[PDB]
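Every number for a ligand or one of its atoms is a count from 1 in the order of the listing. Excluded from the calculations below are hydrogen atoms, water molecules and symmetry mates; all remaining heavy atoms, backbone and side chain alike, are included. For reference, positions follow the sequence shown, starting with 1.
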Amino acid sequence: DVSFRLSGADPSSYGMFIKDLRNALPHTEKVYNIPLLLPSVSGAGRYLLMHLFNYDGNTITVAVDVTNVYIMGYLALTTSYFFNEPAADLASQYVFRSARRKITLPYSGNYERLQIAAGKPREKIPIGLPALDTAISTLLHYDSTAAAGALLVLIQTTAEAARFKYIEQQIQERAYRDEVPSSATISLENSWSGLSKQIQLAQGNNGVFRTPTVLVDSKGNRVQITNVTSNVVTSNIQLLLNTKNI
Ligand SMILES: CC(=O)N[C@@H]1[C@@H](O)[C@H](O)[C@@H](CO)O[C@H]1O
Ligand SMILES: *[C@@H]1O[C@H](CO)[C@@H](O)[C@H](O)[C@H]1NC(C)=O
């Protein structure tokens, strides 16, 4: 399992956690030098457990689907929580079985539903290491409205940073001060599946995307990604959602 302690955390130790997170996701091939997540995995092998410790040393364990880096649920003390989605319900068959009770959250895990439940878009939710500490704290005591906002933070500070080096760097800059995500950060999150697909299709297309992917850059300008030479491909993205799952 992969572990992260907010007590004494600094950009370096958080860098190490995110490296571990990526290293725990299995793959058999690379496509243009980027690990390609597997089409599927059967049983409990499908799910990685992340141990997260807040500053006061309290912990949660988060279950992550290794084929797509999606959070399915988490354990907080003796209570398990799982999204209201069939994927998570299936996961509940394999992790945290020894929880004293199982609570199903009143939303699915996708950003759009989480933002509704939280009552705000992640454009206005500050993220960073302090926010992750807070998020962990919030998830320890069930509130479902507060938990939605806390999961938006957790997702972005764990999964999305694993997917993209630019996002991991954003979080490192927010090690001791939160800040809502840049628009580019949001655009990357939203393009992961698309980018993953197009990079894969590029393999029999001389490195050229079948359909260009539209991002936003750090300056706020709308940018077109058309091929694998782009820095998004060459430097930023770190994991590829397998087209079998798109
Ligand atoms: C990446 C992660 O860990 N969790 C969620 C996932 O449940 C959902 O499928 C999608 C958002 O629309 O990506 C993240 O928000
Ligand atoms: C591919 O992308 C690079 C960077 O965007 C650009 O300079 C180049 O003209 C593009 N080449 C092709 C063949 O699309």
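The cationic atom of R5 (NZ for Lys, CZ for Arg) lies less than 6.0 Å from the six-membered ring centre of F53 and within 45° of the ring axis. Taking the ring centre of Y94 as origin, the terminal cationic atom of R46 falls outside the region bounded by 6.0 Å and 45° from the ring axis.
Within the listing of ligand 2, atoms 1 (C), 2 (O), 14 (O) sit less than 4.0 angstrom from a heavy atom of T226.
The closest protein non-hydrogen atom to atom 3 (C) of ligand 2 is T229 OG1, 3.4 Å. Given atom 1 (C) of ligand 2, the protein heavy atom at minimum distance is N227 ND2, 1.5 Å.
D65 places no side-chain N or O within donor-acceptor distance of the main-chain N or O of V69, the cut-off being under 3.5 Å.
Ring orientation note: the planes of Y142 and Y81 are close to parallel, at an angle under 30° on the 30°/60° scale. Ring-plane geometry between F4 and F17 is classed as parallel, the angle between the planes falling under 30 degrees on a 0 to 90 degree scale with a further cut at 60.
Summarising the local packing, NZ of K102 is surrounded by more than 12 heavy atoms from other residues, nucleotides or ligands at distances under 6.0 Å. Annotation for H141: atom NE2 does not count as buried by contact number, only 12 or fewer foreign heavy atoms lying within 6.0 Å.
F164 is listed as a side-chain neighbour of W192, based on a closest heavy-atom distance under 4.5 Å.
For ligand 1, the 4.0 Å heavy-atom shell contains residues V69, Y70, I71, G109, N110, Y111, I155, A159, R163.
For atom 5 (O) of ligand 2, the nearest protein heavy atom lies 4.0 Å away or farther. Within a 4.0 Å radius of atom 14 (O) of ligand 2, the protein contributes one or more non-hydrogen atoms.
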